[PDB]
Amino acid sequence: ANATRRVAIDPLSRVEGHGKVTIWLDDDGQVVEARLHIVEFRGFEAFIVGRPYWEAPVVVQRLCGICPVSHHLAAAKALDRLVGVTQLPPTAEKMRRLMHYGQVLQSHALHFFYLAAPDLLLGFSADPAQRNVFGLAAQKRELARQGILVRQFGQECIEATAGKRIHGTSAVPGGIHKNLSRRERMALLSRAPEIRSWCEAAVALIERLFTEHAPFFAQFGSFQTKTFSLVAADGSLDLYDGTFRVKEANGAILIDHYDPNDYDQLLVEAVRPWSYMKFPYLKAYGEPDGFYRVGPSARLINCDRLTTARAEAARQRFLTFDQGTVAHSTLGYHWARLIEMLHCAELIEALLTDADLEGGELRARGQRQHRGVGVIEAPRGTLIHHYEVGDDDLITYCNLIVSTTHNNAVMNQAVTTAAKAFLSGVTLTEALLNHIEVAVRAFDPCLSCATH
């Protein structure tokens, strides 16, 4: 309100999409308020209407070029339900998993190695010309080569299961339109151990970092907010399929095993005039109590377990760390994220010994209905697709609530926390402004996704 001076980081760097933060100061050099403006919008929910249902997995994935697989499968899952199919046949289930596990693997490696680690490894103040993936390639080459190669293996898993590294077509209502061949499966399986061993190294790395920098990273903030994600029935983490679980900061399971199909009785979206990204919250708590957060650290907090050994060992270490604090840390997201990346490698390593990837059980069909909801844990948090379809076969309604959209409040909050931490003691540097962007980057924000 009494804010007198305005300063803007515009546009946000090393994130996907078009975002801008405004930071409102006063005459004392003190910061009243910060604000995350998500500054782009294409309107997929409204222009997809009128199109045939079978287009959706293919067109709607154009929301994003990092996680189109997340939208491809979400749309597929929703249209499975439409076409009357809940359990997939085995071959389709396993192909879809491999696509997704590969998707999470590469997306996490895209973020750490290309977008985030330029700061974390060359330091938050490094001269801009170096503070990027090329400065990293020059300085810490063998590290950057590994990351690139981790991302590659993920994408190459997608090429095999979807038809392209970016924007495939194989996930269809009922299942999948193809299987792996033996050569694709072996080629992949042969690479998989080495990729996983580099993800191991990457976790060792990010721990070593916190061991040394943890007091400093705490300046960027904590959350007392609720955590939202998909657990499986048992209820370990399952990135492909599961029902909703919400824990309170202390956690404290508020809601568990809530049917994704009823997401509309559970959730509501608020709109502020200053962002195209909406503000989702839990209906029955209103705002700002009903806000929550999703992604890497929400999952590792929420789930009972990770189904792969090495990554669960490392999860314990992430939650125990001096001594609980960091799990609810803003920059905690990076340690969580690299753990999921290891987890995915370990999944994949196993999944490619399953001969059902070569199976002939690709597709089921059932009773047609008019509505379908598909949910999946996308790399950056829980994703929801909702479609309604006429007897026309033309979509009559689409609603998407996308992972990054959920963290709108918490990202705003964290932007504010670091703005105070680092700018109230004027005067402004480029390097101190970068400190704000660093806080944003921890969330791996996908702003195209967020807005759609």
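We number the residues from 1 along the sequence you see.
Trainee: For the C-alpha atoms alone, is the average B factor greater in 320-328 or in 196-204, going by the entry?
Mentor: Going by the record's values, the stretch with the higher mean is 320-328.
Trainee: With reference to the PDB entry, specify whether the mean Cα temperature factor is higher for 20-28 or for 440-448.
Mentor: That would be 20-28.
Trainee: Between 129, 98, 150, 162, which one tops the list for Cα B-factor in this entry?
Mentor: Out of 129, 98, 150, 162, the record gives the largest C-alpha B-factor to 129.
Trainee: Would you mind checking where the Cα B-factor of residue 125 ranks among the modelled residues of its chain, as the lowest, middle or highest third?
Mentor: For residue 125, whose C-alpha B-factor we compare with every modelled residue in the chain, the answer is the highest third.
Trainee: For residue 412, does the deposited CA B-factor place it in the lowest, middle or highest third of the chain?
Mentor: Its C-alpha B-factor, which the entry lists for residue 412, ranks in the middle third among residues of this chain.
Trainee: Ranked by Cα temperature factor within the chain, is residue 424 in the lowest third, the middle third or the highest third?
Mentor: Highest third.
Trainee: Split into thirds by Cα B-factor across the chain's modelled residues, where does residue 400 land: lowest, middle or highest?
Mentor: Answer is lowest: the recorded C-alpha B-factor places it there.
Trainee: With respect to C-alpha B-factor, does residue 216 fall in the lowest, middle or highest third of the chain as deposited?
Mentor: As the PDB entry reports it, the C-alpha B-factor of residue 216 lands in the highest third of its chain.
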